[PDB]
Structures are given as structure tokens and as C-alpha cells.
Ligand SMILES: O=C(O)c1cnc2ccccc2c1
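Just the one chain here, the form deposited without quinoline-3-carboxylic acid, laid out as C-alpha cells.
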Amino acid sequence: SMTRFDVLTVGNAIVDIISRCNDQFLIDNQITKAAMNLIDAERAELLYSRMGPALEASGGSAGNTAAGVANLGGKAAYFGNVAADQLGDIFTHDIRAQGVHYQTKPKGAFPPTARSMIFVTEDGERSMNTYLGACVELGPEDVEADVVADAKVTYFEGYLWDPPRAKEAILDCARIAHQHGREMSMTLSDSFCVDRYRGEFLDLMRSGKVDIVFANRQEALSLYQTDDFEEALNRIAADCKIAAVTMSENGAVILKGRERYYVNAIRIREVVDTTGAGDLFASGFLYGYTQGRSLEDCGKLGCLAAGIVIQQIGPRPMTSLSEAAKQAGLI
């Protein structure tokens, strides 16, 4: 039975730069609200010059998910490329300190470590502005084949389709994972990311390279270019073995063939910062999944972790998810 890892995740290694803003700031700066907005180095400088005093926290969607799995008690690993700089050192420290295996080697100091300027509005929504930096170097050379072979699930970001060579690494992961009887999972990441790579994402699912897909409502609607959510659910269920579809305050639904399992969102005192919600939903789900739990219980664990992360600043819970899961009887 013994496997070295429950979950390997693969993504853009990013440090977040976080500030609260008013609604007008997003309009003035033509930032798309609630989305991941890619930016070049010049725009990164410009936006930073306009940003208020900030807090820094290690981020990266898949990075956050790996950290969450480790926090819950699972065995996690991560592939993602930073630079040999202070931001890279922060990223390396934080993920390793959480007890995630992280061994991707920087290639030099330039391009520098990716950062995302995340603007949080009063409603708690987050709008991200990401300079990919050293993420553009992630490639097949960064696949630790022994780790993929020894991970129950390898999970990756749709966001990896933006940098040039990351997709080649992911295809290598899929080959190795499936040769060793493991499963592959992806998140659709962002509705505009889906707009960019819709055909390629559908191909990953239909060809069986991806077994388990994570989406939110917006991403699922985007995937099929529909405004009919019921259509989106029917189609996603036909395109992948298992789909986990989140619906913000309305909880989540897990699909497997004709099976549907609806889960409620937890009670929130107040939505502080939604950054990381989907990532931590994936942590909870994948932790449950690799512990042999029912699909419903995987959904419950996802909703618990996501509800915790949106009540704090920072994309990675600072409290014990295992303790919260125990208190909730999810164990």
C-alpha cells in the first residue's frame, strides 16, 4: 500500500503582494475584477507604484493547495520554479516549512521570482495582477519522475498553459502517473484562462490525461460557453471521470458519471479575503480522496478548508485544518 506522497501539485510559484483597495481603483487601472490579469514587467512597476502599503505571503494556486494538504495531515509535494532571489527564498521557506517536499532548483536570479499584486475589495473579492517572471522557465527538466510515480494524485493548474513550456512537463507527469496507476487532476483556474485554452483543456479531459477536474461556476460556464449551469454540469460530467464544481456561498457539487453529490458551504462570520478559496477546496477534496473517503466527505472537507481560508488575510491557512476537521467530525 505505502506511497511516498498523497498529492503532488504543479503550478506557477508566486509570492503575493496584498492590499485592500476601493472599487474605483480597479476601474481606474482597468483591472478585471475577480480575475487573474497577466502583466509584463513595466505594468508590474506601474501598478506597484499605485498600490498602497502591502503584505507579502507565499502564494501560487497549486502551492497553496499543496500547503493545505500538508496542513490537513496528508503527504504533499510541489513542482514550481522560483528565481535565486529573496522572494524565491521566501517561497522556498514557506512551502518547505509546511512540510511539503519542494526541490525544484532555481536557474538563476533573472527573470526574478513571480509575484502577484492582489487587490482585495470591501466585498472580499480578490483581483490578481501577475508577473510570471521565473515561472516561464518551468519545463520537463523540472519533473522529478520518482515523485510523480510515487504520488497517489498529481494535480496541476490550468494557469500553467500561459508560460511556454510548463505544458510539456504536465504531459510528462500524465504519462508517468498513469503508467504507475496513479491519477491526474487539474483545476480550470480562472474563467479567462479557460477562454484562452478551452480546446486544450477539453482535450486533456477527453483523452483521459486528466481524471479529476476542479471548476467553479464561472469556469464551468466558460468551458462550454453557456449561461446554462445545468448544461455545464451535464457536459463536464461527460468529459471527465470526476468533476468537483464549486459554487461560492452555495457550496459545491461533485459529479461522477450519473452520480451527483451536493455539499453546503460553511457558516462565515465575514468574508475577509477570498484569495485561496478554490485552492483550499482542492486541498480538502484531495486530502479526503487520497484517504479513501466518500466523494461527499471529500466535498465536505473542501468546503471546510475553503471557508477557513476566506476568513483570513493570506492564501494559506495559518490555523490547523486537521484540528478544524476533527472538530467538524470529518476527522
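The first residue of the shown sequence is 1; numbering continues from there.
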Using only the Cα atoms and their B-factors as the entry lists them, report which of 98 to 106 and 249 to 257 averages higher. 249 to 257
On average, are the C-alpha B-factors higher in 270 to 278 or in 30 to 38? 270 to 278
Highest CA temperature factor in the entry: which of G88, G80, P164, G158? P164
Quiz for you: based on the deposited Cα B-factor, which of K75, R175, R115, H93 is highest? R175
Tell me, lowest, middle or highest third: where does the Cα B factor of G292 rank within its chain? highest
Within this chain, which third does the Cα B-factor at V309 fall in: lowest, middle or highest? middle
Looking at the C-alpha B-factor of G11, is it in the lowest, middle or highest third of its chain? lowest
Lowest, middle or highest third - CA B-factor, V148: middle
Lowest, middle or highest third: where is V263 by C-alpha B factor in its chain? highest
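Not pictured, yet referred to below: the form solved in complex with quinoline-3-carboxylic acid.
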Using the site C-alpha superposition to carry quinoline-3-carboxylic acid over in the deposited complex, what's the verdict for this chain: open, or blocked with 3+ ligand atoms inside 2.4 Å of backbone or C-beta? open
At the 4.5 Å heavy atom threshold, is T121 in contact with quinoline-3-carboxylic acid in the deposited complex? no
Evaluate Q225 for contact with quinoline-3-carboxylic acid in the deposited complex, applying a 4.5 angstroms cut-off between non-hydrogen atoms, and reply yes or no. yes
Test of understanding: in the deposited complex, would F229 fall inside 4.5 Å of quinoline-3-carboxylic acid by heavy atoms? no
Contact of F192 with quinoline-3-carboxylic acid in the deposited complex (heavy atom, 4.5 Å): yes
The one residue among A149, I242, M205, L221 placing a heavy atom within 4.5 Å of quinoline-3-carboxylic acid in the deposited complex is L221
Heavy atom within 4.5 Å of quinoline-3-carboxylic acid in the deposited complex - the one residue of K256, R96, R175, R198 that qualifies: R198
